[PDB]
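The letters A, B, C, D, E, F, G and H name the chains in turn, as written, and every chain counts its residues from 1.
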Amino acid sequence: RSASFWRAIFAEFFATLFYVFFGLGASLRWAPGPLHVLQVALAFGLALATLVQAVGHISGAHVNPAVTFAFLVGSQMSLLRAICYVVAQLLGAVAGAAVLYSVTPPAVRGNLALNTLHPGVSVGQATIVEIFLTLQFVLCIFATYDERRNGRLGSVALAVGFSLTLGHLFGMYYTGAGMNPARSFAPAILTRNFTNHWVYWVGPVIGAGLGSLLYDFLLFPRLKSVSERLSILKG
Amino acid sequence: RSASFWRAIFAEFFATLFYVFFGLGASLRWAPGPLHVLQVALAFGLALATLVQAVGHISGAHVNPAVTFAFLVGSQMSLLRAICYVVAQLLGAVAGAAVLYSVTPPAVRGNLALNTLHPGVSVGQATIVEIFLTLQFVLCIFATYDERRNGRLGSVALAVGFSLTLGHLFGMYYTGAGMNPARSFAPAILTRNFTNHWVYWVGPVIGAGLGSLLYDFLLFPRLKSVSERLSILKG
Amino acid sequence: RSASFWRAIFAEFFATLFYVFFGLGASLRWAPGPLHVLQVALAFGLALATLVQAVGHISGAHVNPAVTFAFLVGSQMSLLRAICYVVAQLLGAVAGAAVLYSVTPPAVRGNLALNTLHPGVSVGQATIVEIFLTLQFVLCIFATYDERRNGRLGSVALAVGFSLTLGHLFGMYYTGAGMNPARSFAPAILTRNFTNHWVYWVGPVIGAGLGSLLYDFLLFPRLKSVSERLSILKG
Amino acid sequence: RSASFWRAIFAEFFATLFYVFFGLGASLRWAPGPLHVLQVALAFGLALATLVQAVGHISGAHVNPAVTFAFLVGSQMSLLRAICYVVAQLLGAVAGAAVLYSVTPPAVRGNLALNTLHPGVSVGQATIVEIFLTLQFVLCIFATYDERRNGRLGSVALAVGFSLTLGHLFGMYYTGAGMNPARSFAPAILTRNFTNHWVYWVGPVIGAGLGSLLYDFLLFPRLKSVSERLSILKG
Amino acid sequence: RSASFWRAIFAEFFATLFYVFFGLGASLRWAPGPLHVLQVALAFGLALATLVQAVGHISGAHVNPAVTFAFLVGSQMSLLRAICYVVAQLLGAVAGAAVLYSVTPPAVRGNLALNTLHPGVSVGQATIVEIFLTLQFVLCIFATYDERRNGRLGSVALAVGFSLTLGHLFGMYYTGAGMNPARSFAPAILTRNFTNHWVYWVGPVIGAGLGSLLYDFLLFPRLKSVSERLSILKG
Amino acid sequence: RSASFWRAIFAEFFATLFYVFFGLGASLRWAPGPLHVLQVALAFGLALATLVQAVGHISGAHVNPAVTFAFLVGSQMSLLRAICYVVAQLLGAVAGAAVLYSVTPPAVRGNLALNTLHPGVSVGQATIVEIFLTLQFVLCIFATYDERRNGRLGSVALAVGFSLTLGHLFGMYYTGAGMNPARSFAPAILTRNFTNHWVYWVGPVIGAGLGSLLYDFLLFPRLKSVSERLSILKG
Amino acid sequence: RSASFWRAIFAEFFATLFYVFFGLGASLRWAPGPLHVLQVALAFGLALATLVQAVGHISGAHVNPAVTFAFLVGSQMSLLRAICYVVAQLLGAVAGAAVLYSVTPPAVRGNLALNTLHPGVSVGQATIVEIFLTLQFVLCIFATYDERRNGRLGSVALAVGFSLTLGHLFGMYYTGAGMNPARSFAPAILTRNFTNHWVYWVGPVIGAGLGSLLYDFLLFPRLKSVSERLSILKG
Amino acid sequence: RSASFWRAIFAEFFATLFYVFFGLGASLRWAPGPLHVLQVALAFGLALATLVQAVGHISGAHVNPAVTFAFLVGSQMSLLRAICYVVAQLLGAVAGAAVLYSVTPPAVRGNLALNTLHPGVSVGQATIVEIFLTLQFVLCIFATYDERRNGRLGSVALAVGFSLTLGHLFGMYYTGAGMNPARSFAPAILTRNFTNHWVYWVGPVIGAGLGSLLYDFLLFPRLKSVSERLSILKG
């Protein structure tokens, strides 16, 4: 029972590793002509849509650092397990960024698709955008998993896939698509470049927390015990 | 039981707010090259597809003003509850349009994607187009929710997502994509500009009403009591 | 019971009318720049994907003339009911083509997206292409509806949507996308132009028949009575 | 019972034949302008998504040679049945490549979309890319079919469709999209051209095997008997 | 002295032959993506700019049938010599169209760039456009050659090159670029297709005549003898 | 001698009429894909380059209202003759705009290419841009005509053509290309729309005057009599 | 006097070296989106236009191997001097191709823009195209230099620039632009690849010879002594 | 005579100011779609082509810092006059960069078109490219002005215009177009950013010096006195 908890860490490590490799790989600058924004955005989404199928089955499939905290603040996971996914995700993000670098040609690779802030957009406007991107994403994942609802949501994994597709397509223009610290983290480190890299952690975390609370405190509450459930933290 | 009815108003307010923010945000003029019509259209659809998952679960997820009336004329909702969603939607539409404005750069924003009538297209042709766009959309949402059918419709929420994708892609060319008063409403007000803005209310409302009746009076009727069901209006 | 059979004819009439209006409308020549082939193809698919949800529930949702015959040759429908859908579809196709014409500007409309044979492609090569396009489409729809399989096919209606997306995207290049007589029929008549218009009827019909037999005589047979089932023709 | 096993070989032959015809047909060089990478990639995916619906129902629907071995190494199939699918797939791949050739015009066809290695990319980098492309694809198909999980995966067939869409979109740039020996095989033979054609067999096979083991030995094991199950090989 | 007159006929035959081969060759349908209108237009211009250098030196370099008449009505050439250039030009146009056909692939060639009238544009609007296109072209060539002006016009041959570039770029949209009967003539005959082909002869001839008179009767007259000069017709 | 002065007015009327017809005609909205800015810009230039050849020979060839004043302030023309060209130009501009309207289809024509101010650009920034555009244009035309310099300027008319090409290409982005009141004037009147239309008169006039003085008072002065030359105003 | 002849060899060596470096450098594969054919074609032309100014002044400026022979067959140069330019050109072509290789990134460079024969085009059709491309080019250069004509040809060097622009733009599609053995030679050798490389030598040489004779034996002969002039060969 | 020397400094100041304003202004990031490389490159060329007409007449028109030194090393100018142009050019470059900044919107402006080194290209490869770009440019300007040659070079100013067009088009890809310190200087200072900014000074200066010597010591020497001419330095 103890070791089984560890496999989930692998699912999260491999899932994120693949997530960063395919999507960040999709960004690679070789589009000067068509607006690859349709492509890159579409790539992150299909990457996430599929990972959810292989990974989520085993355990979670969060992949996104900001999204994991959403579940923790969501009150339904151990504080340690939360920390386990974040480190598995960051390392997973870099493991992927590391390989993508080795495989793509010099002229092809630039900063490995480093989240570049849009000329006109200011730092404050960039944060709010990140706030809303994750809020919708988290709100989508939260409902999708919500057992309470049997209904006919259909491909719950595919549902999440498109939800992310929306965030990136839009996010791509304002803040070079973010809504995920892992995504922003790998390019900066694997290419010694840290600038506004914090707005990316700040918006998604606030967004995730905000988006998480919105589903609970309001939208679709847990008709049981709020104070009692918060015991998961103690194990 | 009384207050619970109010949360649904929030679901509709937040859903529409997000709906207008992401899709209208997608339109922003920065495509002069590729035909963003594929993008913008695709954006409104994924935005709607996802909102249906988070919002619909709690209550409705109509988002579209013309679509809400379809349900009311559809005979299965209180007249007051209908009015509650429309105001929640319009305000939600503006709340989103308001934020999108603050975040996008000056050169980027124009009229915040104001539904501009296509050069050649006349006002009459623009209305019929709006009539058909909503009719198909309403007809799709109506069937999707129709409990009667168990079958294997699959991701009912995703189904609605693509249905709207079709309306906008086509709508984008003739009347700068409409089929939703809320979508048309936010840009006009948040950018003091009212022109043909009525064709947008006129076509979608007629379309919604027409599309709603088509599913009932004909297609797939309610094998119970038509006169008896109309009692929901009285509560 | 007698009149109820007639409503199905309406579902097929409205479904096709909408099918031709949205997809053929999507083709309209105003893309000289991006390769609208991605768009037009994508449009026919979403149009079909959605119609299946509203229409199929009530009855069939074939929409495609060649596809209806597939079911008839498929041995599971009355010969008269088959004829009823074809005429409902052709008229539905024209009803849509008629309205699309009235609404689109002169410069916009050309031949209303008349299936133009590709310069190099010969008449024989154009037929085989049509043969394969419908075969896959019919084979997809046949399995989708096959009750025998409970499984987890998921959104059966959405499944059909993409299947058609494939046919049109490919079909668009060789024979200006066909695989549907109704689609080919409306532009030719609503714009007095008949040329190779037969290859379109010939390939899809052969394809549909061929594709239909493949699923039965081989692939997934009906483990019951082949000779007995053929009694549906007599009613 | 003996002959029934043979029909599965047909499902695999027809499925692959169609798979190569539609996707490879989509690649045909006539895009010099838009970045058909979005198209071609999208085509292979919808082609696979749909085949899974018609073919998988009858038996398997692997289509991909490297993917079939994944199931064999996956320990749950007869060694002979595995060999039966590979030959049915290769022949099916060529049967399709053969027809595509006859139908497309001379100027249109080049090498029938022969997997051309990207200028800068070296042979070693091309292999690793192929390794990761198939690993994710196999891992996706493996989970999708995994009975153990009832859940709400939704359209299991559509899920696989997008998963492949990701591999090709990315694969298209580095190694002209591979992740499938059959896809790489048809163009080389139907156009006497063999170069680096081995990297394609090498990466997908390693990837498939690697991806297969990852799901078992780790991720989601078979809580029964590993040594006992390996008896399927003996029949 | 008699035979020398004949060489001029060759200069005109070869000049036009090359003119139609390069420009019409430039039109060939293989641009679906970028707007080759910039290309095709640019091609006709450089083709004309250069021919003027090799051909004009020997004799004339009119190339354009409508332009030759401009000089004849311009009062400064024998009526027979005028007829000699027209037949040399038409044959030259076809000689070029004939070879272009033999060399370009089947899929490439369509109607050999047959002047296709623009969907919306009516026959009357198409004529006026042709009227203005040639008027400016003729007016440009007339001044360029006008000995009277020594000045510093510079590359008189290059001047004419761009003047034509303007006509075609604009002409390309309304009437698939015309302003030259020879250009319109070759595709129609070398591809049995005659439709509105007369508007092309009608507009350029009227335009040429009109443009010719404008330079004389008004703009820059011949300060000598108008009635006396008209004796060139008699030899 | 008196009537001869009048022909110059015709040269200016026809020149401008053609100038507005070809260039404004080039702008017509049908580019959504490629960046017609290269085209439209290129069109105005070739249009001007050629007019200079036919028109300038007879008299002036200013075409641009702001440019005519440059010559008047340039001290070398009668005040009345200056007024004669401006009215001939404005009427000429409209005469052209009038015909362009009648010939282009409804869907094609919008505002007849009305100088639309760029979203972000403010009114003040739009004026300075106009100031610099005309200054360079005037400075170029001034030198070109400057008899004093024999040298080898080459095609003086072609030189002016490209100079204008630069102004429009750049001008097109900030203020929808202006640098010419006539160009800005025709669309506004022929399509009842006056907005910021003054910035266009203000910048080019200031620019022209400023650019004119720069060549005289500084750059290349008139080594004769400044006070004496100013007598041309008195005739 | 003896050594001075040698400097001309340098002018030809440097001219060609630069010619191949800039134009072939322009081809480099990084355009997948816009149709760089406009670019690449335009590049070879400006490269040639300018070289003619620096190089031609000193001696010749042929640059093109096939073009040099045109002058030799043109009867006006020593047989040895002809051989001197060809070797200076080939070496110059490689010297340039060598440096371009060292400077461009791996992923960027492919075959260094190796003249790739167009899919559909056959070897015979590829030769005729090359025949006509050089004929017009040679005919243009021949007239340009022809002292006999004083006239107002204008920028003789610029005239040649555009003439070549035409050949390459057209040539680019059929035979990946050739009309110059040097251009075809450098990529093949600097990238061990020889295929159809002969059609390139065959067409341009035939074309050059043919084009050369056309200007003499016919067009604009040398009204002096044909047999006497052929003495230049003897010195 | 003393003050007259100063006006030349103004011609150089205004010329460069305009040069940087128009060309750098052309670069502004708003092309993501078409390959503005054709545009930006074309802009710098027309900007230079025209300035040469207004400025060169008065004095020089060098505009390019590296080009001025070419003339100084070219032995035909005072050492002080050389220094006067460089400072007039740098200040002129900034004066232009300063205004361009104030006028373009925030979102539009980025780094004001700061010469960004191409991902793959290394610092050494970037220098050689700069070396060759200026060498050809200087060699072109040198010949153009060379009095010795009367001939028919034509529009000497236009000749220089295209020569630069070539350098920038090519230069744009490798080192974001340089070949001019002034061009590279303005963006770095007006946007506190200095990186590899030296390679730009290093390559153009070496190139200019090298290109200058090539025309003298070899190509077309000065058949007079080399040691005597070097006296200009002393005045």
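Here is the rule we go by: a residue touches a chain if its C-beta (ideal position, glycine included) is under 8 Å from a C-beta of that chain, and two chains touch if they have at least 3 such contacts.
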Contact-richer chain pair [A-C vs A-H]: A-H
Selected pair, out of B-H, A-C or F-G, that shares over half of its residue contact pairs with D-E: B-H
Where chain B and chain G are represented by their mean Cα positions, the distance between them in whole Å: 63
Cα-centroid distance, chain A relative to chain D, in whole angstrom: 28
Centre-to-centre distance between chain E and chain B (centres being mean Cα positions), rounded to whole Å: 55
In chain A, residues with contacts to at least two other chains: 30-35, 38, 105-108, 118-121, 153-155, 158-159
Complex contacts: residues of chain B adjacent to chain C: 34-35, 37-38, 118-121, 125, 128-129, 132, 136, 139-140, 142-144, 146, 149, 151-155, 158-159, 162-163, 165-166, 169-170, 173-174, 214-215, 218-220
Residue ranges of chain F in contact with chain G within the complex: 34, 154-155
Chain C-touching residues of chain D, taken from the complex the two chains share: 7, 10-11, 14, 18, 21-22, 25-26, 28, 30-31, 33-34, 36, 38-39, 42-43, 46-47, 49-50, 53-54, 57-58, 99, 102-108, 153-159, 161
Chain G residues within the chain A interface of the complex: 30-34, 105-108
